A.B. asks: 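Dropping the structure in here first, questions after.
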Amino acid sequence: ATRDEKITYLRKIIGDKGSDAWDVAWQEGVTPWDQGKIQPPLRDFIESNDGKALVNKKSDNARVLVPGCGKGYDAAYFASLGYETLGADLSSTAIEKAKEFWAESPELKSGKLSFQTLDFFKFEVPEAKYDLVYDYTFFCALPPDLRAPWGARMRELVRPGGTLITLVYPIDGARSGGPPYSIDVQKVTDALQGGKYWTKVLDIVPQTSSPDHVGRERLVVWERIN
Ligand SMILES: Nc1ncnc2c1ncn2[C@@H]1O[C@H](C[C@@H](N)CC[C@H](N)C(=O)O)[C@@H](O)[C@H]1O
Ligand SMILES: Cc1cc(C)c(S(=O)(=O)O)c(C)c1
């Protein structure tokens, strides 16, 4: 019942079952990551002018992908802004949980918001790709040997000139624990760039962070270049 127990039990299935351990933890209720809401830094950036420039540039077909959406809080936020948003998670339970949590959302009924059980590493990239991708508590969930494929998949999922927002969390330092892995902007930079493929347009410390997130989180905005 203790959070530390739930993390220890979670890290035990990931060692025994691997990627299939995520749907196991979702249906078993062991979801110590679920905060019920989007992180404040995401809203403040979008409502800022540095973020406004992206929301006003938004075309009438701007597509947003939220890998590892969980219950799809961030995905529902981007749909509320007018984006054709897709929430993708490996767990079919989580996708079913997101569809209940946002059942009354006008965007789920209209189709702007969509929740699908997809594999970030396996699903077919749409031809038009994605104008924006948001990664929170997904890169830090992947084991270290999957970060390079993560950045490789991000290079093809984001269209040229598109945006990849990465809320780097948790920035805990030398903590060698499993999920959630301690990450920094450097680890995200190495995975994304294999000035090769991306441009770090913004790297900021969020003004309004969750209290447990203070000092362990940075919002980084990447642009896909040629
Ligand atoms: N290869 C994958 N493709 C898609 N989703 C994945 C993959 N591996 C793990 N996940 C999902 O990533 C999520 C990680 C969780 N910490 C959820 C974090 C989620 N972003 C939240 O804020 O609640 C789980 O829902 C997993 O099912
Ligand atoms: C994948 C994953 C797992 C856990 C347990 C947590 S945490 O909320 O407890 O820190 C986070 C943020 C991500």
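Reckoned from all heavy atoms, side chains included, excluding hydrogens, waters and symmetry mates. The chain is numbered in sequence order, starting from 1. Both counts, for ligands and for their atoms, begin at 1 and track the order of listing.
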A.B. asks: Look at atom 13 (C) of ligand 1 and find which of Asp89, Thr31, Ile14, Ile38 reaches it with the closest heavy atom.
C.D. replies: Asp89
A.B. asks: Students should be able to answer this: which protein heavy-atom is nearest to atom 8 (N) of ligand 1, and at what distance?
C.D. replies: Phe138 CE1, 3.9 Å
A.B. asks: Is a donor from one side chain sitting under 3.5 angstrom from an acceptor on the other, for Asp172 and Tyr181?
C.D. replies: no
A.B. asks: What atoms of ligand 1 come closer than 4.0 angstrom to any heavy atom of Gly68?
C.D. replies: 5 (N), 11 (C), 12 (O), 18 (C), 19 (C), 20 (N)
A.B. asks: Tabulating one pair per line, provide the atom names and distances (0.1 Å) for every N/O atom of ligand 2 that is less than 3.5 Å from a protein N/O atom.
C.D. replies:
from: ligand 2; atom 1: 8 (O); to: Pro32; atom 2: O; distance (Å): 3.3

A.B. asks: I'd like to know if the side chain of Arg159 reaches the main chain of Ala128, judged simply by a donor and an acceptor atom lying under 3.5 Å from each other, with no hydrogens or angles considered.
C.D. replies: no
A.B. asks: Backbone N or O of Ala1 within a donor-acceptor pair of the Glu5 side chain at under 3.5 Å?
C.D. replies: yes
A.B. asks: How far is atom 1 (N) of ligand 1 from the closest protein heavy atom, and which atom is that?
C.D. replies: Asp119 OD1, 3.2 Å
A.B. asks: May I ask you to list the atoms of ligand 1 that are less than 4.0 angstrom from any heavy atom of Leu118?
C.D. replies: 3 (N), 4 (C)
A.B. asks: So which heavy atom in the protein is nearest atom 18 (C) of ligand 1, and how far is it from that ligand atom?
C.D. replies: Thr137 OG1, 3.2 Å
A.B. asks: Among all protein heavy atoms in this structure, tell me which lies nearest to atom 23 (O) of ligand 1, with the distance rounded to 0.1 Å.
C.D. replies: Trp33 CD1, 3.3 Å
A.B. asks: Against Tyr169, only a single residue in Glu217, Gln39, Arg216 fulfils side chain to side chain donor-acceptor pair (under 3.5 Å); can you say which?
C.D. replies: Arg216
A.B. asks: Going by side-chain contact (heavy atoms from CB on, under 4.5 Å), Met154 matches just one of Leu192, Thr166, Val188. Which one?
C.D. replies: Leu192
A.B. asks: Below 4.0 Å, non-hydrogen atoms only: which portion of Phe121 touches ligand 1? Side chain, backbone, both or neither.
C.D. replies: side chain
A.B. asks: Given 3.5 Å as the limit, does a donor-acceptor pair link the side chain of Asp119 with the main chain of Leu90, or not?
C.D. replies: no
A.B. asks: Taking the side chain from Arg218 and the backbone from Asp203, do they hold a donor-acceptor pair closer than 3.5 Å?
C.D. replies: yes
A.B. asks: Is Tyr136 in polar range of ligand 1, meaning some N or O pair under 3.5 Å apart?
C.D. replies: yes
A.B. asks: Using modelled atom types and a 3.5 Å cut-off, is there a donor and acceptor pairing between side-chain atoms of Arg153 and backbone atoms of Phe120?
C.D. replies: yes
A.B. asks: May I ask you to check if ligand 1 and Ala94 share an N or O to N or O distance below 3.5 Å?
C.D. replies: no
A.B. asks: So which protein heavy atom does atom 4 (C) of ligand 1 come closest to, and at what separation?
C.D. replies: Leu90 N, 3.4 Å
A.B. asks: Any idea which part of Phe120 is under 4.0 Å from ligand 1, heavy-atom wise: side chain, backbone, both or neither?
C.D. replies: both
A.B. asks: Determine whether the side chains of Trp150 and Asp135 contain a donor N or O and an acceptor N or O closer than 3.5 Å.
C.D. replies: yes
A.B. asks: Has the side chain of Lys52 got a donor or acceptor atom that lies under 3.5 Å from a matching backbone atom of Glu47?
C.D. replies: no
A.B. asks: State if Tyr73 counts as touching ligand 1 under the rule of any non-hydrogen atom under 4.0 Å.
C.D. replies: no
A.B. asks: Is the side chain of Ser91 donor-acceptor paired with the backbone N or O of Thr93 at a distance under 3.5 Å, no angle test?
C.D. replies: yes
A.B. asks: Does the side chain of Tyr9 come under 3.5 Å of the side chain of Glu28 through a donor N or O and an acceptor N or O?
C.D. replies: yes
